[PDB]
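In: what's the 3D shape of this:
(one chain, ligands or ions: 1)
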Amino acid sequence: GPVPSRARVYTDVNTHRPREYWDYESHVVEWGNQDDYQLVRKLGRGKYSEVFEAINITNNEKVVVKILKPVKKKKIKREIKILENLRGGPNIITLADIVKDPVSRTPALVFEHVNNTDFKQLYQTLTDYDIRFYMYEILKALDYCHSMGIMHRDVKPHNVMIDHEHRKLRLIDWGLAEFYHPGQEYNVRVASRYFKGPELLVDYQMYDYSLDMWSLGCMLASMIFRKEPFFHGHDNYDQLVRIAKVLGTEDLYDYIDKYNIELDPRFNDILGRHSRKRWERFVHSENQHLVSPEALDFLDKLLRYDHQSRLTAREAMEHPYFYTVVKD
Ligand SMILES: O=c1oc2cc(O)ccc2c2oc3cc(O)ccc3c12
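Out: Residues are numbered from 1 along each chain as shown. Sure, the structure comes next:
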């Protein structure tokens with residue numbers, strides 16, 4: 001069968017936590033008062049929730065209310081426990097309250113308000129320094145949740161709220177996040193298509209925190225090369241082919257051979273043979289000001305087939321790419 005895999009960092013953190021910490025099924029939700037919050041306007045509907053801007057009339061402060069769509073109280077408690085565990089951490093969205101919505105008859109998560117401009121216009125105006133700055137901020141968030149035994153599993157521009165004016169950043173939507181337990185097999189149907197790690201695309205279930213680092217690499221590639229998204233697959237199969245046209249097919253086979261994985265035979269007539277490309281290939285006159293040897297080496301160390309070979313969040317923060325970023 002498939003060769004087992006372990007996270008190379010924070011492997012045993014949940015093993016030595018009290019079971020209270022990771023056993024989210026047994027979590028007892030403490031409900032606030034739903035009348036404290038008045039909905040102002042709808043911000044968006046996802047597959048799992050509707051998101052509203054609201055006001056807490058007990059302090060006249062803006063909040064974000066996420067009213068969950070009906071789903072397993074499995075996944076509801078999971079997001080809630082993860083949010084409470086990570087509360088107070090660097091650039092983690094802050095869960096302020098949990099109330100029961102009288103209309104949906106589902107939980108409504110109440111978050112700190114953060115003032116976001118969309119990633120689409122924002123990513124077109126980001127300077128070289130801005131990209132490095134915000135990447136460092138994301139890494140703080142990723143290193144923290146990983147250190148707390150949690151992988152996000154849905155890292156993408158949509159889930160990174162940026163207040164460009166106050167240069168503040170928040171990682172949001174922890175509804176797909178999970179606890180890492182060594183040797184545990186996970187659902188491969190996570191993350192969004194363009195940001196799915198190769199482990200997901202070859203259906204390798206024993207993944208870990210390193211999944212988040214591939215997704216982050218995809219984001220970085222889209223930013224410094226100014227191509228959103230970078231790997232633009234039409235489906236989950238074409239997605240792996242897109243990646244293979246850059247990282248090459250030989251290292252792809254090295255990867256699945258290492259873990260004794262078999263590709264879906266439908267790849268037989270679409271995968272072909274491809275050499276690994278040098279990242280300079282994607283540099284042109286309109287993005288070159290965002291590119292540096294440091295930028296490419298960092299990107300290169302994130303985008304690895306082998307999840308065990310990618311930089312950890314902590315290692316990433318040690319990278320020379322962030323030397324120019326002013327530290328606090
Ligand atoms: O769309 C969202 O989905 C979320 C999901 C979460 O789990 C937590 C927070 C948010 C969240 O905060 C915001 C602030 C804004 O100014 C605009 C949109 C959002 C927004």
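In: how about stretch 118-126: buried residues?
Out: Neighbour-count burial for stretch 118-126, counted by 16 or more other Cβ atoms under 10 Å, picks out 119, 123, 126. Backbone N, C-alpha and C define where each C-beta goes, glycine included.
In: from residue 303, how far off is the closest residue to residue 248 other than its chain neighbours?
Out: Leaving aside its sequence neighbours, residue 248 sits nearest to residue 276 (Cβ to Cβ, 6 or more residues apart in numbering; 3.3 Å). Going from residue 276 to residue 303 by Cβ to Cβ, to the nearest Å gives 11 Å.
In: what's the helix or strand hosting residue 257 packed up against?
Out: Residue 257 belongs to helix 249-258 when assigned by DSSP states H and E. When contacts are defined as 3 or more Cβ pairs under 8 Å, 6 or more residues apart in numbering; DSSP states H and E, helix 249-258 packs onto helix 236-247.
In: which helices and strands does the helix it packs on pack with?
Out: For helix 236-247, the packing partners by 3+ Cβ pairs under 8 Å, 6+ apart come out as helix 198-201, helix 249-258.
In: just put those helices in JSON lines and tack on distance to the ligand and mean neighbour count.
Out: Formatted as JSON lines, the helices and strands packed on helix 236-247 follow (distance: least, Cβ to the nearest ligand atom, whole Å; neighbours: other Cβ atoms under 10 Å):
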{"stretch": "helix 198-201", "distance to the ligand": "21", "mean neighbour count": "24"}
{"stretch": "helix 249-258", "distance to the ligand": "32", "mean neighbour count": "16"}
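In: can you give me phi and psi for the closest residue to residue 32 other than its chain neighbours?
Out: Excluding the flanking residues, the one nearest residue 32 by Cβ to Cβ, 6+ apart is residue 97, at 4.1 Å. Dihedral pair for residue 97: phi -160, psi 170, per degrees, to the nearest 10.
In: how about residue 304, what does it touch?
Out: 214, 247, 310 (Cβ atoms under 8 Å, 6 or more residues apart in numbering).
In: for the closest residue to the ligand within the stretch 201-328 of the chain, helix, strand, or coil?
Out: With Cβ to the nearest ligand atom as the measure, residue 212 is the residue of the stretch 201-328 of the chain nearest to the ligand, at 16.1 Å. At residue 212, secondary structure determined by DSSP: H, G, I helix; E, B strand; the rest coil is helix.
In: OK, contacts around it?
Out: Contacts of residue 212 by Cβ under 8 Å, 6+ apart are 142, 146, 151, 152, 153, 155, 313.
In: got the residues of the stretch 51-200 of the chain near the ligand?
Out: The stretch 51-200 of the chain has residues 51, 64, 66, 93, 111, 114, 115, 116, 161, 172, 173 near the ligand, with proximity defined as Cβ under 6 Å from any ligand atom.
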